[PDB]
Amino acid sequence: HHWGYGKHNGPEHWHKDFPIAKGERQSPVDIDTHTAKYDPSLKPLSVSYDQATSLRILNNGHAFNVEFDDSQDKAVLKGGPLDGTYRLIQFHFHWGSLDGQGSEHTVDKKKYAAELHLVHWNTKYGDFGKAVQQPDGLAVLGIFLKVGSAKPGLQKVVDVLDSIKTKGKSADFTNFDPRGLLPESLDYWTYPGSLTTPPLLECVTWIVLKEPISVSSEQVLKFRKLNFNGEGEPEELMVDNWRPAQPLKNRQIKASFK
Ligand SMILES: COCCCN1C=C(N)c2cc(S(N)(=O)=O)sc2S1(=O)=O
Ligand SMILES: [Hg+2]
Ligand SMILES: [Zn+2]
């Protein structure tokens, strides 16, 4: 059956239809801060989200995605461990049913309440479709969310959630500024990995920021009221839409900070 996060179609079952699930560079992974290699050759990240053009927000049955117009170099990510320019195409979150879980990546086994993923594709390849067939096609900027004070930049997103409660629903979501979701520091960990959801394609250069952003419990609570199910179907709360940590195998997590 189509994949999900439940007992019968969750992560532990993905390998059956997506054999790459047991591959060599699978994500997420536990970032062991004591084994991560500080690397001085890593340039600082260059986040140019000033001309970002958000188009809409959609509930796809696995999470809610905010999509952006990537027809041109509007919102891009450069520098860091990247060669070339990567265009922002969408961002989504993974969250849990309780504040002590939700993130996909963990830091020294610590799970955060949620994790924001800003998906970018390598312009060198022409289009998103070609990028996903390439061993450096995607760059996903991951940001952890911890329950504390409210994140004002996240409110516009929280306010529209009622309109996309169920699978398949979408709502116009223009003029959203993704910069309001960035933490203060751009320090990060980076490693070669994959999409954390099927098709689990292996070509994401993961860039996980060190500093998490704070969101109120009320803000994360609204995430938890979404539905995996489409309208008319039995209600299944959208929570715990995260993949557990995969074995690091033959990889090293580089750090841009000491
Ligand atoms: C062949 O088409 C593949 C399409 C993959 N896309 C959908 C996934 N759910 C997905 C998961 C992503 S994540 N969470 O690992 O960054 S990104 C992302 S995605 O690159 O925007
Ligand atoms: Hg790939
Ligand atoms: Zn994700």
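Given the peptides 187-194, 114-121, 158-165, arrange them by the average over their residues of other C-beta atoms within 10 Å, most packed first.
Numbers: 187-194: 22.2, 114-121: 25.9, 158-165: 15.4.
For the peptides 187-194, 114-121, 158-165, the packing ranking is 114-121, 187-194, 158-165.
Applied to segment 55-70, the Karplus parametrisation 6.51 cos²θ - 1.76 cosθ + 1.60 on θ = phi - 60° returns per-residue 3J(HN,Hα) values of 10, 6, 10, 9, 9, 9, x, 10, 5, 10, 10, 9, 9, 10, 6, 10 Hz, with x for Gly and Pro. Ellipticity at 222 nm from helices only: DSSP H runs of n ≥ 4 in the chain, each -39500 (n - 2.57), divided by the residue count, give -2000 deg cm²/dmol.
Using +1 at the Cβ of each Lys and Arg and -1 at the Cβ of each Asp and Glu in the chain, identify which of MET238, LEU209, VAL158 lies farthest towards the dipole's positive end. Selected residue: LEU209.
Shown here is the pair-distance distribution of the chain: with all Cα-Cα distances grouped in 5 Å bins from zero up to the longest one, the shares run 1, 6, 13, 18, 21, 19, 14, 6, 1, 0, 0 percent. Alpha carbon centre of segment 66-86 versus segment 214-258: separation in Å? Cα centroid of segment 66-86 versus Cα centroid of segment 214-258: 23 Å apart.
Per the Debye formula on identical point scatterers at the alpha carbon atoms of segment 38-148, with no solvent, log10 I(q)/I(0) at q = 0.15, 0.21, 0.22 Å⁻¹ is -0.74, -1.19, -1.23. Distance between Cα centroids, segment 19-49 to segment 110-176: provide it in whole Å. Segment 19-49 and segment 110-176 have Cα centres separated by 18 Å. For segment 43-135, the list of trypsin sites (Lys or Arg not before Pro) that fall in a loop by DSSP and count at most 14 other C-beta atoms within 10 angstrom reads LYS109.
DSSP assigns beta bridges within the chain; of those with both partners inside it, close to 75 percent run antiparallel.
Given contacts defined as C-alpha pairs under 8 Å and at least six residues apart, what's the relative contact order of the chain, whole-number percent? Could the numbers behind the result be given before it?
On the way: 646 pairs, mean separation 69.1, N = 258.
It rounds to 27 percent for the chain.
Residue pairs exceeding 27 angstrom between C-alpha atoms, taken from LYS7/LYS78; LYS74/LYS130; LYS43/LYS249: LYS7/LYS78. Scoring 25-32, 66-73, 200-207 by mean Cβ neighbours within 10 Å over their residues and listing the highest first yields 200-207, 25-32, 66-73.
Bear in mind these aren't lab numbers, they're just calculated from the coordinates by the rules spelled out. Cβ atoms come from the backbone with ideal geometry, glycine included; neighbour counts cover every protein chain shown.
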